[PDB]
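Protein chains in written order, with the working numbering: chain A, 1 to 393; chain B, 1 to 393; chain C, 1 to 393; chain D, 1 to 393.
Cβ coordinates follow ideal geometry from the N, Cα and C atoms, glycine included.
Notes for the one structure printed next.
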Ligand SMILES: Cc1cn([C@H]2C[C@H](O)[C@@H](COP(=O)(O)OP(=O)(O)OP(=O)(O)O)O2)c(=O)nc1N
Ligand SMILES: Cc1cn([C@H]2C[C@H](O)[C@@H](COP(=O)(O)OP(=O)(O)OP(=O)(O)O)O2)c(=O)nc1N
Ligand SMILES: Cc1cn([C@H]2C[C@H](O)[C@@H](COP(=O)(O)OP(=O)(O)OP(=O)(O)O)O2)c(=O)nc1N
Ligand SMILES: Cc1cn([C@H]2C[C@H](O)[C@@H](COP(=O)(O)OP(=O)(O)OP(=O)(O)O)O2)c(=O)nc1N
Ligand SMILES: [Zn+2]
Ligand SMILES: [Zn+2]
Ligand SMILES: [Zn+2]
Ligand SMILES: [Zn+2]
Ligand SMILES: [Zn+2]
Ligand SMILES: [Zn+2]
Ligand SMILES: [Zn+2]
Ligand SMILES: [Zn+2]
């Protein structure tokens, strides 16, 4: 199966963070050592870069920041003062909108001057997708737990609606307007063909992938996470789409599983996510530092249990708990969103970590295979469980 | 244009080093910080790993070693004692041949035990190529300086002959024999489909690309490097194929240029390359640490000279001289093999470095473009020049 | 006594290297870990940056390069590819002269783009001197070995001549021309007062200091280094001025001593210095990592020999031998230039290091103090000795 | 079997280097990353510390220096300036003898002041030996190749003579004189019992071990290394005793083998060893980073050849070649001294490395075991071989 690249995952996650349920709004991904240490959105008061500065401080040193829009000079100067390594941005309308003009152009010139005289690398890191990536993402999104749960109890129409909305929000349809934007933000190298068309095609492909994944967990009828108070359905859907996006980083050859841990703080913060802050993220993969042939990839079809992948694969929840950027606070409400039902070795870890709520698909609940089982999730106590289903009331 | 990956380049270079013009012969590539610091071949006395130990010593610390065959236990224990990081090997018949049996199997078990109890990672790092990579390599090999030079004064017949020879040398045609080899060398994870077939297909694709590149500089009629004593035509062809392989790592979007610097020592050496030892290697690329859109990629067609790639591209010879692993010794004969004619900014650098001989294609000699010229190569003095041509004697 | 800063030392040394006795000529200082690892001059064929690339390779990683003129785009791209940290340059007419124009301006724009899209920091690092630095340098230059030796057997006339010549060579007298140069090389921040006048005044002060030091070892009458073949008097004077510039970095509170070790290669080199290459440099100082009050600074006047600085001061020749960037080759001629007579502690070290020649001051020869003596220099065997004096023939 | 400590190995090697066949003479061991990178002796002109400074320069950074006597202030200041990490010394009469005295005491005070104000750690690092270490060393020294070779064609008499001589040279028999020395060199903490007696007993035990090892290669009758010109018998015996001392660092459970590679330079150097300089050293051990139970330790008695130590043990010559601090110069004469006969996997490595001469014991010549053989040493060509034997002429 095709795999999403790291920089493309971070770009997609920043674009999705810009859409978090609440000068243009900006989403931001803070990555350290190829691990996500922050997910931020602009608020009505502060920009995403200012929020990242407040939240991290000097911990931004040697960090990679993926913005959904080019940050303003006020944000960029503080970000490079904090000592970040890379600032990747989505080459659309920047934070100070250029589609509104003299102040925005002056801000863009100031950003260029800051970039020219800093060790931080301000750039565009989005890469082309493989030709099969979008088709594979669509195939797996139609076969995901939530779409199938809806089907048993439409998806293409929701996908088309999300395509239109996200193309409006994230792309510049007019080619001359986009050329002007790229000239203003110091991307003149991508203003002439084939680089201009290639950049626009890559952006359109990433937007199509994002719309596909977002439609995999759709706002459809009365479908949401139900069955200790649940989150608003919009935030739950957004976090589940984060997990679904992470599921496409899978090292597994058959099934990708993603997990995101968020927490709800007691006091209101400066972030555009409100009291909620990102805690951890993960996908199913082999132990870090493993080659392609280091560990078996065979499924249960293998006639030898020793050469089955199950005893060596790190699960999405296990990876989210391992590489968490925050501590699970016992007083705070904490949520883990996982694309598949948690297994019998993940549920005890989630419970022991103190995670209060599990939002999950329940397609595999109650299944007992030779190597992996799902009996503990159904009988789990002390952790609220929310599954995709019709609103029972 | 498609780009060869680093690990695939190193695997191909080790396989090609096994074919250097003079228990099975082994080629070896020693890489440090993603830069080639050694190119070795087994001799009649010493294996490639023992030769690498003699040549480097403690400098093998944190190095990646790419072997054309799985090294024996005697080689592996010393290599891991020296402190290397990775030992990638080509999963054909190992150094101690398993196609000859009890001693070879015991050696394989000892190698596995060494691998299990060492920090060094022994693995197979060859990865699938792009579906267009082989076709693109064939297209550029037919359009290379040497094939065109022969054409003006056949290539596919040589390609087929090299395909047969290199498939015989580097592949195991019998599937059961290859399965036994992989079981013995501790690669049981790749002994069942689709992993077995995928591994064999990747190996066949790499062998096809290697045969294509080797045929791009063919042993055809009386064509060789001519026009202070020249190297034997076999060694010159081998080094030119090394440069051609490096040319496929190009960061440029149109033309890939490769360069290899070798030197001929005075006293006898332990290597299978004889007195000749690898000095440096390079390809045309942008300055290290540059993103895709950091520097212009436009050719001379651009209406603005400021946005042309020529003032920012590092040439193959410049990269070979920058990241050389050895010092150019004034007393020793030193050779640089470059796929294209050296330009007017590369010839002075080659002359100043003290390189005695330039083996090059002369298709572009005498051309004077706006940004790049070739006038200094024809009028160069103090450096022997050898070009692809019929033997003038 | 006032002390020269490291960055001003390197700037002065690069400007002086531009004047090494043999597009504008460029001098270059390569510094690693605040230690000089290279002294280069442009040749007829190659620029200083290209020469540094040939000489060092990837060893330029994390190095600071001090250029007497702003390097061209061809030099800058290679230097950045090599991985240097800082490129300080003297903000006069750059390497591609702007006083000759479209090609030079295009090269300057390319240099600006390379600087803006690289991790390397291209900058002007010259800083103001203390108000007493020039007066103190003049006072010590009149009271140095090479001026007092002539006086016993004029200095201000030579100083005025050097002032005129070096102001003509290194400064841009016309303010509009200098403003145009600074605008072209991307130094617009220094084109407006008081920054323009401050930059010009700092440059004038540095040029005055350089002229003072250069005239402290003057081309006067038939005075030179005499008493196994001697170097040309011009090169000997240039190296002595190098050592004299180093003497102003002294940690001593009374007397500054400088030492430069150069070596003559057997074969032809690409550098503008010819076969001669820089080996090491040093000044008298306390052991590295010592504070102001770590060690005693009292001279022999102290009534206790324990609290005398002599037991703890590292001499200039000892520092030059300690932090040498090259190995002393027994076959090659090697010279050490020391501003004062080498002591009985340094002469055995110089002899043991294999240094063939000592060019030294003659004032302190034969002095025998309680802590430091000079008896071994006169009776030294196996090392050629050249002192400042009238030509005996 | 008991194992010699690293620090005790270095202390013994410094004491033995003080006895290298040519103010008191001082031996010096320079160690980097627990590997010996230099073996030096004081000459008639330069002290061991000054020689180490000349030979290494800034390469002494973070190095551990083991002195046979406490270095003088002139040596210590330069060694600290070079950036060494640790200076261990033998707490006998220091470099400036205190048994001759006001100048010596002043030098000791200056050394103490240098130690107090430097990051370098000046200390006495000799450790007590286990109670069986000396008895085991005596047992293995009587059963070594050279003593047995003499016996087949006395050892305790030579042992007693060496005990007397080395106790005279390295120990201070008078307790009051040693107390005065320790007070003067700032070791007052070890001047009163039991620390004074414990220090003296540890020193006596180390000198007994040194005398034992030295007597195991005795100046007896006309026995020397014979069978392209051989080294003087004194230097050959000294290097063989170095190898014997290294043999006691063995990770093997049965037999310890040591190897030292030295080279003779073409030109005279500053060292007290003359033109000869240390190249490398090694002992038989498992690959670096292995635990006690990582690899099998069984001899040939084990039935399963897979669990035999022979396929995983790194030999003494292999370790000497791996961690060499110098390159083998083809023009220079190079010698390797091995306590045992080189095996069939060591002789090809020695020959390929370009080592001109092998000085070794010949007890095992011609033995062919299942895992280790000695057939190649007898038929070795192109390498001079010198074995312990009565002088044939
Ligand atoms: C339950 C769970 C699993 N994983 C991982 C384990 C596998 O690496 C992959 C699924 O792969 P799997 O075990 O073959 O499951 P399938 O659906 O393909 O099985 P099937 O339909 O044949 O019954 O996700 C995870 O990261 N986090 C979880 N909470
Ligand atoms: C001469 C030379 C060049 N290079 C690089 C520079 C460019 O990055 C690329 C060619 O790129 P180019 O100049 O656009 O292409 P051509 O020349 O084929 O031009 P054409 O005839 O189609 O107009 O190789 C190199 O690494 N080492 C060399 N010695
Ligand atoms: C000989 C010599 C010395 N030095 C240093 C160490 C001295 O500590 C300092 C001068 O310091 P100094 O000795 O108090 O000064 P003077 O001798 O001028 O004293 P004077 O004759 O007026 O009483 O240079 C040096 O780096 N290289 C040398 N080859
Ligand atoms: C020949 C040789 C060996 N070694 C090491 C590896 C062996 O593993 C160990 C002795 O271990 P060994 O082989 O069990 O011992 P012996 O031979 O004494 O056996 P014996 O005749 O009593 O049965 O030295 C070495 O470092 N350098 C050498 N050149
Ligand atoms: Zn902002
Ligand atoms: Zn799980
Ligand atoms: Zn081998
Ligand atoms: Zn070129
Ligand atoms: Zn230049
Ligand atoms: Zn001195
Ligand atoms: Zn000393
Ligand atoms: Zn051996």
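Secondary structure of residue i, DSSP reduced to three states
{"i": "residue 64 (chain A)", "result": "strand"}
{"i": "residue 259 (chain B)", "result": "strand"}
{"i": "residue 359 (chain C)", "result": "strand"}
{"i": "residue 170 (chain B)", "result": "helix"}
{"i": "residue 370 (chain D)", "result": "coil"}
{"i": "residue 92 (chain C)", "result": "coil"}
{"i": "residue 1 (chain B)", "result": "coil"}
{"i": "residue 231 (chain B)", "result": "coil"}
{"i": "residue 278 (chain B)", "result": "strand"}
{"i": "residue 350 (chain B)", "result": "helix"}
{"i": "residue 283 (chain A)", "result": "strand"}
{"i": "residue 177 (chain C)", "result": "helix"}
{"i": "residue 41 (chain C)", "result": "strand"}
{"i": "residue 27 (chain B)", "result": "strand"}
Distance CB(residue i)-CB(residue j) smaller than 8 Å
{"i": "residue 359 (chain C)", "j": "residue 386 (chain C)", "result": "yes"}
{"i": "residue 446 (chain C)", "j": "residue 2 (chain C)", "result": "It is not possible to answer for residue 446 (chain C), since the shown part of chain C is limited to 1 through 393."}
{"i": "residue 243 (chain D)", "j": "residue 263 (chain D)", "result": "no"}
{"i": "residue 203 (chain D)", "j": "residue 126 (chain D)", "result": "yes"}
{"i": "residue 154 (chain A)", "j": "residue 216 (chain A)", "result": "no"}
{"i": "residue 373 (chain B)", "j": "residue 356 (chain B)", "result": "no"}
{"i": "residue 277 (chain B)", "j": "residue 316 (chain B)", "result": "no"}
{"i": "residue 361 (chain B)", "j": "residue 388 (chain B)", "result": "yes"}
One or two residues paired with residue i in a DSSP bridge
{"i": "residue 223 (chain B)", "result": "B:390"}
{"i": "residue 315 (chain D)", "result": "Its beta-bridge partners do not exist; DSSP assigns none."}
{"i": "residue 337 (chain C)", "result": "C:260 and C:359"}
{"i": "residue 35 (chain A)", "result": "A:32"}
{"i": "residue 298 (chain B)", "result": "B:308"}
Minimum Cβ-Cβ distance from residue i to chain E less than 8 Å
{"i": "residue 50 (chain C)", "result": "Although the question refers to chain E, the structure presented lacks it and instead comprises the protein chains A, B, C and D."}
Contact between the stretch 302-317 of chain B and the stretch 217-235 of chain B (3+ Cβ pairs under 8 Å): no
At least three beta-carbon pairs within less than 8 Å, the stretch 63-75 of chain C to the stretch 21-29 of chain C: yes
Lining residues of ligand 5 - beta-carbon closer than 7 Å to any non-hydrogen atom, in sequence order: A:47, A:49, A:50, A:71, A:72, A:74, A:75 and A:95
Cβ contact (3+ pairs, closer than 8 Å) linking the stretch 84-99 of chain B and the stretch 332-339 of chain D: no
Cβ pair count under 8 Å reaching 3, the stretch 38-48 of chain D against the stretch 168-181 of chain D: no
Sufficient close CB pairs (3 or more, under 8 Å) joining the stretch 113-128 of chain D to the stretch 280-295 of chain C: yes
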